[PDB]
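Undergrad: My structure is in final_35.txt, and what it holds is compact mmCIF, C-alpha atoms and all ligand atoms:
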```txt
# COMPACT_ATOMS: atom_id res chain seq x y z
CA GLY A 1 7.05 -108.58 21.29
CA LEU A 2 5.93 -106.11 18.66
CA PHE A 3 8.38 -103.20 18.40
CA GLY A 4 5.75 -100.87 16.94
CA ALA A 5 7.16 -99.89 13.50
CA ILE A 6 5.80 -102.25 10.82
CA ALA A 7 2.07 -101.50 10.46
CA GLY A 8 2.57 -99.33 13.56
CA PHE A 9 3.57 -95.68 13.59
CA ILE A 10 4.86 -96.22 10.07
CA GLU A 11 2.09 -97.07 7.58
CA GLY A 12 2.31 -99.66 4.73
CA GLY A 13 5.37 -100.50 2.67
CA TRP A 14 6.82 -99.09 -0.53
CA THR A 15 6.25 -101.00 -3.75
CA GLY A 16 8.54 -98.62 -5.70
CA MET A 17 11.61 -99.62 -3.69
CA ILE A 18 13.32 -102.67 -5.20
CA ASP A 19 16.94 -103.31 -4.30
CA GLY A 20 16.61 -103.83 -0.52
CA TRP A 21 14.50 -104.20 2.60
CA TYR A 22 15.10 -100.89 4.40
CA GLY A 23 15.56 -97.56 2.69
CA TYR A 24 14.93 -93.86 2.42
CA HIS A 25 12.81 -91.47 0.39
CA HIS A 26 14.17 -87.97 -0.16
CA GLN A 27 12.86 -84.82 -1.88
CA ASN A 28 15.69 -82.27 -2.20
CA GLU A 29 15.86 -79.40 -4.71
CA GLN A 30 16.23 -81.60 -7.82
CA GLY A 31 14.63 -85.05 -7.30
CA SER A 32 12.57 -87.69 -5.56
CA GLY A 33 14.03 -90.71 -3.78
CA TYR A 34 13.73 -94.46 -3.11
CA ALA A 35 17.31 -95.38 -2.28
CA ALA A 36 18.00 -98.48 -0.16
CA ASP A 37 20.21 -98.75 2.92
CA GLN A 38 22.78 -101.37 1.97
CA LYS A 39 24.44 -101.51 5.41
CA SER A 40 21.57 -102.78 7.57
CA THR A 41 19.91 -105.00 4.95
CA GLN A 42 23.18 -106.92 4.56
CA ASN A 43 23.19 -107.71 8.29
CA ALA A 44 19.58 -108.87 7.98
CA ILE A 45 20.46 -111.13 5.03
CA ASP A 46 23.43 -112.60 6.95
CA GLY A 47 21.30 -113.31 10.05
CA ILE A 48 18.46 -114.94 8.13
CA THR A 49 20.82 -117.03 5.98
CA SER A 50 22.63 -118.35 9.07
CA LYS A 51 19.25 -119.09 10.71
CA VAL A 52 17.95 -121.18 7.80
CA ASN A 53 21.23 -123.08 7.42
CA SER A 54 21.25 -123.84 11.17
CA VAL A 55 17.68 -125.20 11.04
CA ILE A 56 18.63 -127.37 8.03
CA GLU A 57 21.82 -128.76 9.59
CA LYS A 58 20.22 -129.72 12.93
CA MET A 59 18.03 -132.31 11.18
CA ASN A 60 19.90 -135.50 10.34
CA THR A 61 18.95 -137.53 7.29
CA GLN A 62 17.58 -141.02 7.81
CA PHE A 63 19.03 -144.18 6.32
CA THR A 64 17.22 -147.34 5.20
CA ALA A 65 14.11 -148.25 7.18
CA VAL A 66 12.30 -151.34 5.91
CA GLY A 67 9.32 -153.09 7.53
CA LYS A 68 9.65 -156.45 9.27
CA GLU A 69 7.62 -159.66 9.22
CA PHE A 70 6.06 -161.76 11.97
CA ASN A 71 4.01 -164.96 12.11
CA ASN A 72 0.80 -165.52 14.08
CA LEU A 73 2.53 -166.39 17.39
CA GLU A 74 4.59 -163.20 17.59
CA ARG A 75 1.73 -160.72 17.89
CA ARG A 76 3.24 -159.28 21.07
CA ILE A 77 6.55 -158.24 19.49
CA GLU A 78 4.68 -156.95 16.42
CA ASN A 79 2.58 -154.60 18.55
CA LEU A 80 5.78 -153.45 20.30
CA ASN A 81 7.37 -152.67 16.92
CA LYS A 82 4.34 -150.68 15.76
CA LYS A 83 4.35 -148.76 19.07
CA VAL A 84 8.02 -147.77 18.60
CA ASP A 85 7.48 -146.52 15.03
CA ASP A 86 4.36 -144.51 15.85
CA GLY A 87 5.97 -142.97 18.96
CA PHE A 88 9.04 -141.71 17.13
CA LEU A 89 6.92 -140.40 14.25
CA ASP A 90 4.73 -138.39 16.65
CA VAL A 91 7.78 -136.94 18.41
CA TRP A 92 9.40 -135.77 15.17
CA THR A 93 6.23 -134.26 13.68
CA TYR A 94 5.68 -132.35 16.94
CA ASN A 95 9.25 -131.00 16.92
CA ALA A 96 9.04 -129.89 13.27
CA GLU A 97 5.74 -127.99 13.56
CA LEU A 98 6.62 -126.35 16.90
CA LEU A 99 10.06 -125.22 15.63
CA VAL A 100 8.55 -123.52 12.57
CA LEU A 101 5.79 -121.80 14.62
CA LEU A 102 8.23 -120.25 17.08
CA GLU A 103 10.81 -119.31 14.46
CA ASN A 104 8.21 -117.27 12.55
CA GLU A 105 7.49 -114.83 15.41
CA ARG A 106 11.22 -114.59 15.99
CA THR A 107 11.92 -113.52 12.39
CA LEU A 108 9.01 -111.05 12.12
CA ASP A 109 10.06 -109.32 15.34
CA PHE A 110 13.62 -109.26 14.01
CA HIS A 111 12.53 -107.23 10.97
CA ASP A 112 10.42 -104.95 13.16
CA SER A 113 13.42 -104.25 15.42
CA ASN A 114 15.58 -103.40 12.41
CA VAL A 115 13.11 -100.79 11.16
CA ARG A 116 12.82 -99.18 14.60
CA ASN A 117 16.60 -98.96 15.05
CA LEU A 118 17.04 -97.51 11.54
CA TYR A 119 14.54 -94.80 12.49
CA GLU A 120 16.19 -94.02 15.86
CA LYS A 121 19.62 -93.60 14.23
CA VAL A 122 18.38 -90.95 11.78
CA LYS A 123 16.54 -89.15 14.60
CA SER A 124 19.66 -89.20 16.81
CA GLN A 125 21.96 -87.63 14.20
CA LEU A 126 19.42 -84.85 13.44
CA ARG A 127 18.91 -83.64 17.05
CA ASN A 128 17.69 -80.03 16.57
CA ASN A 129 17.40 -79.25 12.81
CA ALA A 130 14.68 -81.72 11.68
CA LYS A 131 11.10 -81.17 12.98
CA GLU A 132 9.68 -84.67 12.53
CA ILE A 133 6.15 -84.51 11.15
CA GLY A 134 4.68 -88.03 11.25
CA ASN A 135 5.01 -91.67 10.08
CA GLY A 136 8.80 -91.36 10.04
CA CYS A 137 9.55 -88.22 8.04
CA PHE A 138 11.76 -85.24 8.81
CA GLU A 139 11.91 -81.84 7.37
CA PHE A 140 15.28 -79.99 7.47
CA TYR A 141 14.96 -76.38 8.59
CA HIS A 142 18.08 -75.69 6.74
CA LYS A 143 18.55 -76.38 3.03
CA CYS A 144 19.84 -79.75 1.84
CA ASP A 145 21.17 -81.11 -1.45
CA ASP A 146 22.36 -84.56 -2.59
CA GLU A 147 25.61 -84.35 -0.60
CA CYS A 148 23.90 -83.84 2.76
CA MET A 149 21.48 -86.61 1.72
CA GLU A 150 24.37 -89.08 1.39
CA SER A 151 25.84 -87.49 4.53
CA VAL A 152 22.69 -88.55 6.39
CA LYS A 153 22.66 -92.00 4.74
CA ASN A 154 26.27 -93.02 5.59
CA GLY A 155 26.02 -91.77 9.18
CA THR A 156 28.31 -88.78 8.88
CA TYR A 157 26.13 -85.69 9.22
CA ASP A 158 28.44 -83.07 10.93
CA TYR A 159 25.55 -81.12 12.54
CA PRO A 160 27.69 -78.10 13.64
CA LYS A 161 28.11 -77.13 9.98
CA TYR A 162 24.42 -76.17 9.82
CA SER A 163 23.53 -75.60 13.49
CA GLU A 164 23.38 -71.80 13.36
CA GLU A 165 21.53 -71.38 10.08
CA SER A 166 18.72 -73.80 10.93
CA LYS A 167 18.35 -71.90 14.23
CA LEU A 168 17.53 -68.71 12.29
CA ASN A 169 14.77 -70.43 10.29
CA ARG A 170 13.41 -72.08 13.42
CA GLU A 171 13.02 -68.69 15.07
CA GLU A 172 11.33 -67.51 11.89
CA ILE A 173 8.57 -70.10 12.23
CA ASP A 174 8.18 -69.69 15.99
CA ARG B 1 -4.77 -184.37 7.79
CA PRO B 2 -6.86 -182.55 5.16
CA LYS B 3 -5.67 -182.12 1.57
CA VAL B 4 -4.01 -178.96 0.28
CA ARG B 5 -3.22 -178.71 -3.48
CA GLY B 6 -4.37 -182.35 -3.75
CA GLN B 7 -1.69 -183.59 -1.33
CA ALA B 8 -2.13 -185.02 2.17
CA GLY B 9 1.59 -185.18 3.05
CA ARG B 10 3.67 -182.30 4.32
CA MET B 11 7.24 -181.14 3.99
CA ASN B 12 9.40 -178.96 6.21
CA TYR B 13 12.20 -176.68 5.02
CA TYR B 14 15.36 -175.66 6.83
CA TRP B 15 18.41 -173.45 6.30
CA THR B 16 21.81 -172.87 7.91
CA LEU B 17 24.71 -170.45 7.44
CA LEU B 18 28.07 -172.23 7.45
CA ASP B 19 31.29 -170.40 8.21
CA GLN B 20 34.57 -170.46 6.32
CA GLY B 21 36.50 -173.57 7.27
CA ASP B 22 33.88 -175.61 9.16
CA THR B 23 32.19 -178.67 7.63
CA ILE B 24 28.65 -180.11 7.64
CA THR B 25 27.42 -183.72 7.63
CA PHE B 26 24.05 -185.09 6.56
CA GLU B 27 23.16 -188.57 7.77
CA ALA B 28 19.80 -190.12 6.96
CA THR B 29 17.85 -193.36 6.90
CA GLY B 30 14.42 -192.32 5.62
CA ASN B 31 13.35 -188.85 4.42
CA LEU B 32 16.12 -186.58 3.20
CA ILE B 33 15.47 -183.84 0.67
CA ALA B 34 19.11 -183.25 -0.12
CA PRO B 35 20.52 -179.90 -1.20
CA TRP B 36 21.59 -179.67 -4.84
CA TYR B 37 22.61 -176.01 -5.13
CA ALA B 38 23.74 -173.50 -2.53
CA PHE B 39 24.83 -169.91 -2.26
CA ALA B 40 28.03 -168.06 -1.29
CA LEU B 41 27.22 -164.67 0.21
CA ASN B 42 28.93 -161.29 -0.02
CA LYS B 43 28.33 -158.24 2.19
CA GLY B 44 27.29 -154.59 1.82
CA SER B 45 24.52 -153.51 4.12
CA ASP B 46 21.31 -151.45 3.96
CA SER B 47 19.03 -153.33 1.61
CA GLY B 48 15.56 -154.78 2.07
CA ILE B 49 12.28 -155.88 0.57
CA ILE B 50 9.68 -153.58 -1.01
CA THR B 51 6.10 -154.43 -1.88
CA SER B 52 5.11 -152.02 -4.65
CA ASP B 53 3.48 -152.01 -8.09
CA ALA B 54 5.44 -149.17 -9.69
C1 LIG C 201 29.52 -91.30 2.64
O1 LIG C 201 29.22 -90.01 2.11
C2 LIG C 201 30.28 -89.07 2.09
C3 LIG C 201 29.68 -87.78 1.57
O2 LIG C 201 29.46 -86.95 2.70
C4 LIG C 201 31.37 -89.61 1.17
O3 LIG C 201 32.51 -88.75 1.17
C5 LIG C 201 32.58 -88.13 -0.14
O4 LIG C 201 33.28 -88.86 -1.16
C6 LIG C 201 32.89 -88.34 -2.43
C7 LIG C 201 33.49 -89.18 -3.55
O5 LIG C 201 32.72 -88.92 -4.73
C8 LIG C 201 33.30 -86.87 -2.55
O6 LIG C 201 32.83 -86.33 -3.78
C9 LIG C 201 33.89 -85.86 -4.65
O7 LIG C 201 35.21 -85.93 -4.10
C10 LIG C 201 36.22 -85.64 -5.06
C11 LIG C 201 37.58 -85.81 -4.41
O8 LIG C 201 37.79 -84.77 -3.45
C12 LIG C 201 36.03 -84.22 -5.61
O9 LIG C 201 36.99 -83.94 -6.61
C13 LIG C 201 34.63 -84.09 -6.20
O10 LIG C 201 34.43 -82.75 -6.64
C14 LIG C 201 33.58 -84.46 -5.15
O11 LIG C 201 33.73 -83.57 -4.04
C15 LIG C 201 32.67 -86.08 -1.43
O12 LIG C 201 33.12 -84.72 -1.51
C16 LIG C 201 33.06 -86.70 -0.09
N1 LIG C 201 32.45 -86.06 1.04
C17 LIG C 201 32.43 -84.75 1.24
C18 LIG C 201 33.34 -84.23 2.31
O13 LIG C 201 31.71 -84.00 0.58
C19 LIG C 201 31.80 -90.96 1.68
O14 LIG C 201 32.79 -91.52 0.84
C20 LIG C 201 30.62 -91.91 1.76
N2 LIG C 201 31.08 -93.11 2.40
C21 LIG C 201 31.42 -93.05 3.69
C22 LIG C 201 31.50 -94.36 4.40
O15 LIG C 201 31.63 -91.98 4.24
```
Could you spell out this file's structure in structure tokens?

TA:
Amino acid sequence: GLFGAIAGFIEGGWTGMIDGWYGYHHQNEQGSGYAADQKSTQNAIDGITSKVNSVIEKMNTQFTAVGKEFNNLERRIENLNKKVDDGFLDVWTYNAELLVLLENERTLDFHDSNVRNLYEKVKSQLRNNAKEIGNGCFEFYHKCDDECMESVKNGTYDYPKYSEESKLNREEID
Amino acid sequence: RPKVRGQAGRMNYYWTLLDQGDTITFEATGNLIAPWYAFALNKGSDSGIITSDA
């Protein structure tokens, strides 16, 4: 089913982001953002590549298939031949169309799941000092620079370095 | 029987694959259309006939 991220609680995509599928957008003391997340997008590329190659290699190529000939006293066999060809053609066209239609919902839900998990990870490693504000943004009670940005990105945040100082600012706003 | 191509007679045509070794004998007293050339066949499958105007 729909996991709720793409065109969900997160609004439309980012045109300005180029080198990936899933990324961040940061505004510390000296810049704006648009950096991609090269870890998760590589797993997505691997999954999709394996999927397409599997769908290609399940379908065998056909060899030579040439029509046959019958005279006017072999109408019965000729109708049988036509029945066999039309039956197999209907079966294969059904299989092809149905396979593509199901595979498309599978892949769109796969991307949706990836975005939701990439959001939950960032939320989980910023437990207290964040104050999420809407459509997947956070806001750092403490002060952050480029190093803590990369520290968030990699997945190594070390929360107890900042845990006291944030607390002060939180009690300032409350 | 009625004429076709200005002829009232008819003619029937026949064919047979021999094997290596084995012989064949024609023996006739009135109507033989004898063979005058024949064909020795190779192999190599997956061919056919195409009706096209390309
Ligand atoms: C994920 O991000 C962390 C950053 O938290 C990366 O660790 C960092 O590695 C860089 C390498 O440029 C360190 O920067 C520089 O280190 C040298 C050598 O000590 C120093 O001379 C420079 O002045 C500068 O500090 C950075 O300090 C270090 N992290 C820390 C503790 O700040 C990490 O490599 C990235 N990758 C992974 C998977 O962690």

Undergrad: If the cut-off is 9 Å, can you tell me the residues of chain B near chain A, counting all atoms listed in the file? I'd like them as a count of residues only.

TA: 5

Undergrad: So how many Å separate CA of residue 165 (chain A) and CA of residue 146 (chain A), to one decimal?

TA: 18.3 Å

Undergrad: Got a sec to check which residues lie within 8 Å of ligand LIG 201 (chain C), using only C-alpha atoms and all ligand atoms, and send them as a list in words?

TA: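 After applying the 8 Å limit, what remains is residues 147, 148, 150, 151, 152, 153, 154, 155, 156 and 157 of chain A.
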
Undergrad: If you count only C-alpha atoms, which residues fall within 12 Å of residue 15 (chain A), apart from same-chain ones fewer than 6 positions away, as a PyMOL selection string?

TA: chain A and resi 21+23+34

Undergrad: Please compute the CA of residue 161 (chain A)-CA of residue 36 (chain A) distance, one decimal, in Å.

TA: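 We find that CA of residue 161 (chain A) and CA of residue 36 (chain A) lie 25.7 Å from each other.
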